[PDB]
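Enquirer: Would you mind keeping the following structure in view while I ask a few things?
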Amino acid sequence: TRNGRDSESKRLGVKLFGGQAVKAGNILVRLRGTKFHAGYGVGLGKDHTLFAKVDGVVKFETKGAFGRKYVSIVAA
Amino acid sequence: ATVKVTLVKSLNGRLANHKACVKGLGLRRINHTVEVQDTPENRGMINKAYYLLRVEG
RNA sequence: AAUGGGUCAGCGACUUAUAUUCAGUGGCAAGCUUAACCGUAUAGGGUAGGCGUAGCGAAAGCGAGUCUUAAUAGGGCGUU
RNA sequence: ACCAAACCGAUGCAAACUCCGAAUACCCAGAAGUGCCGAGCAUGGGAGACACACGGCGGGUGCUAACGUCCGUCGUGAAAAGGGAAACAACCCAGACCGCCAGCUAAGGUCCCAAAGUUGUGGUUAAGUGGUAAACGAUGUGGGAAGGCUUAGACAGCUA
RNA sequence: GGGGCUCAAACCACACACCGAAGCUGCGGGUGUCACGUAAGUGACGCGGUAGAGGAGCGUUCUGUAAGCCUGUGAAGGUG
RNA sequence: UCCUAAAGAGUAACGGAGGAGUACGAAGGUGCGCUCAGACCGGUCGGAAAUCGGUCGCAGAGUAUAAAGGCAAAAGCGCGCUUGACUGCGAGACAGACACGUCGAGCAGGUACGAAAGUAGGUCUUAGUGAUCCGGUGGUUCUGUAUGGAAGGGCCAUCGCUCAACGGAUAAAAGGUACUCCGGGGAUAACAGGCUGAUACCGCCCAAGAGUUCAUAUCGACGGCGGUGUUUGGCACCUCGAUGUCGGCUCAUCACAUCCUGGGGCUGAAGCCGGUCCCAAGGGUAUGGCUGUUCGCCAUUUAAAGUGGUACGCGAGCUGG
RNA sequence: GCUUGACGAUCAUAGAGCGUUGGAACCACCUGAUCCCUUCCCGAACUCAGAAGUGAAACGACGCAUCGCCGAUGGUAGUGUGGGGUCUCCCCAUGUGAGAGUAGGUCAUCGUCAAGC
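Residue numbers (PDB author numbering), protein chains in the order written: chain W, 10 to 85; chain Z, 2 to 58.
Now the structure itself:
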């Protein structure tokens with residue numbers, strides 16, 4: 010019945026938007042279960058964190074079947 | 002190729018963006034007139050702060 | 001229509017000591033500086049000690065390196 | 001002759017619904033000019049603050065009550081005088097370096113207190129409405145669209 | 001807000017003129033910063049402010065300067 | 001975990017909803033394989049239902065657990081092997097006051113599976129937790145107060161327990177004050193004032209109805225719109241370097257929503273009476289028994305014993321029940 | 001220059017449905033399971049050896065817009081900024097601008113390699 014109780018608001022979402030230069034370890038998307046999928050040179054960590062495996066710029070392409078949003082890094 | 006603007010209203014309660022536009026045109030106080038080049042990026046600051054200015058040409 | 005003061009004239013509130021840090025300003029400079037104390041005594045002497053000239057490591061230690069490490073790999077701190 | 005999930009069609013609604021989906025704001029890159037000569041960053045020396053208020057907008061709570069209260073975001077006051085709103089932190093205009101018996105303006109104003117139009121053209125309004133206000137009620141009056149009843153003689157009033 | 005206002009001194013339009021601020025401009029001063037300048041030397045942008053930071057001064061008493069200088073031809077104080 | 005949250009983050013309330021203080025040696029790893037659920041129609045124990053044969057199917061199933069977000073390379077499901085639920089680290093980011101926290105390519109050493117590319121530093125993801133100081137235990141290259149050892153200490157790994165007020169005052173922590181005291185505060189309650197009007201009070205709009213007929217002579221259900229600040233509230237704006245209660249007495253003053261007296265209209269007003277509604281504020285408008293009473297109930301009067309505002313008028317005017 | 005395979009680009013204007021058509025090469029179905037291998041029980045999947053038959057199933061190509069899915073223009077709602085009002089809401093200037101629906105589309109378009117014509 011009685012009612013308080015929130016939690017500490019985990020700061021999720023898109024870091025490193027769609028034209029930005031990335032280094033080879035940077036967190037792309039903090040994610041709660043794959044909104045965005047792992048593209049060309051990006052990694053998919055344990056808690057579905059997208060991180061960069063190479064350098065370049067972020068792409069954010071909507072590719073393929075299943076309508077999936079991909080974060081990929083184009084070496085440019 | 003050159004447009005002249007006159008600041009005819011005050012800055013004293015304006016949004017910080019609009020008064021940044023007026024400052025970026027080179028205007029310092031009321032009835033002050035500059036001659037600025039008519040680049041499209043000067044006309045953006047003229048158009049954002051349109052209500053404070055007097056844009057003759 | 002909150003406090004305080006009737007008024008005047010006197011008085012009445014960031015000090016001092018010792019350690020230290022930063023700035024400014026001087027002296028000496030890979031060195032600088034003395035404390036007690038001695039002193040015909042603000043001089044001169046007294047360099048014990050303090051800080052600097054090297055760091056790393058919890059330490060032994062090793063040292064322009066050192067620690068961790070199975071590692072001459074990585075990484076931390078350091079080095080005209 | 002009771003009652004009937006479900007599908008078919010029509011019809012709505014949500015902060016904890018979404019097949020959709022902005023404006024903005026946010027992040028990055030490249031550019032002109034402006035910056036009061038800087039703005040940003042970094043390292044140090046000294047702080048103060050860590051009870052905010054009200055207004056506009058976007059919300060929760062309340063009774064879409066309170067000069068209630070909790071958030072977001074702008075603005076002002078705090079810590080800002082001046083002019084306007086009669087008087088009136090926070091509303092409008094505008095940010096006071098000093099002097100002037102000079103001028104032009106902003107908000108707001110121009111019959112007299114009181115500075116400036118008893119200004120001009122065309123209207124509306126008779127309540128002192130302006131200069132306090134709701135459901136609803138009124139041949140109040142101005143305007144603009146439309147219907148049929150409209151001289152074979154209509155709408156209320158005299159000679160079967 | 002009051003007097004008072006009714007072809008308005010109210011309302012809805014439109015026009016032209018005026019008043020109105022410590023706003024702007026003119027004229028005369030002072031100040032900060034920056035850039036220039038054999039350092040006269042001008043320019044340009046500034047200059048509301050509480051807590052608070054920073055900068056530069058006045059005055060009082062004492063000591064040195066000072067066995068100086070002033071002062072009974074008149075000190076300090078007091079009052080114009 | 002969702003909303004509030006304003007389409008990046010973040011964001012409050014004694015705001016709205018739910019959860020956690022764990023499980024698991026497989027519910028982990030890997031290789032290989034496989035899709036769920038639902039209607040249908042099928043009566044000789046179940047009859048809508050179990051076991052299957054799936055035609056349509058068309059993610060609605062499942063996921064250890066709340067919610068949200070994700071899942072075909074399924075992250076769901078089955079089987080075979082198995083320990084990577086490794087050691088040393090760690091480029092670089094996310095988060096962020098700090099302490100904490102989150103993700104992680106790659107390199108070395110050794111291993112799982114797989115023919116091999118490769119995957120594997122636990123689990124679909126985010127909760128499942130606790131600092132330091134004390135102690136305990138196992139190592140150790142270190143130290144080891146003359147020396148050789150020990151003792152004790154250090155580093156490395158680990159346990160406790162209790163800090164659930166969960167950034168943890170101490171190993172160890174209940175009350176009374178009307179006998180009270182001090183320092184502050186109108187940062188904050190009681191009185192009265194102030195903002196509001198839920199509530200209260202007074203009017204009005206429609207009129208089902210009753211009034212023997214007839215809605216409007218009188219009421220008037222269901223609903224609606226307001227006025228006044230009249231009183232119970234809500235707020236905490238003034239007052240805590242003091243604005244001293246309720247009632248009575250004494251003295252009042254205004255309003256009008258009029259109790260009497262005055263003037264009317266309608267009537268379901270024959271007349272005496274009335275009912276209701278307008279207009280009117282000039283003057284009047286009880287004494288007592290009870291109780292501290294305001295009020296109230298009675299008794300007896302009057303033409304009538306009005307309703308309210310004034311710090312619920314009035315204690316530098318009295319009383320003090 | 002087309003047909004059949006394999007692999008991709010792209011994920012419905014590419015789908016689903018309905019109809020016609022394909023066998024010689026290819027692929028599918030097919031024959032049999034001695035032998036590899038397999039069935040929480042399999043030669044119906046997985047696997048091997050095939051070459052008698054069939055294009056029925058499946059798959060492919062061509063048709064059709066009824067279904068699904070795309071989808072204008074215009075308007076409307078929202079909304080940044082500035083100003084108003086009778087301010088729990090709208091209006092004006094200016095910039096922007098949907099979702100839905102309407103007209104209309106769509107029975108895909110590409111590339112590499114290999115056999116055939």
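Every residue, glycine too, gets a C-beta built ideally from N, C-alpha and C.
Would the stretch 37–50 of chain Z and the stretch 8–24 of chain Z be scored as touching if the rule is three or more Cβ pairs under 8 Å?
Expert: yes
Enquirer: Can you check which of these residues, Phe26(W), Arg14(W) and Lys72(W), is closest to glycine 48(W) by C-alpha distance?
Expert: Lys72(W)
Enquirer: Grab me the residues of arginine 55(Z)'s own chain with a C-beta within less than 6 Å of its C-beta, minus the 5 sequence neighbours each way, in chain order.
Expert: For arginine 55(Z), where only same-chain residues beyond five positions count, the Cβ hits under 6 Å are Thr7 and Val9.
Enquirer: Exposed or buried, what is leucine 37(W) when buried is set at 16 or more other beta-carbons lying within 10 Å of its beta-carbon?
Expert: buried
Enquirer: Tell me which residue opens and which closes the beta strand (DSSP E) that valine 56(Z) is part of.
Expert: 54–56
Enquirer: For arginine 39(W), report the span of its beta strand (DSSP E) as first-last.
Expert: Counting along the chain, the unbroken beta strand (DSSP E) around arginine 39(W) starts and ends at 36–39.
Enquirer: Using beta-carbon positions only, say whether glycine 50(W) and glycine 65(W) come within less than 8 Å of one another.
Expert: yes
Enquirer: Reducing DSSP to helix, strand and coil, say where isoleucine 82(W) ends up.
Expert: For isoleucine 82(W), the three-state secondary structure derived from DSSP is strand.
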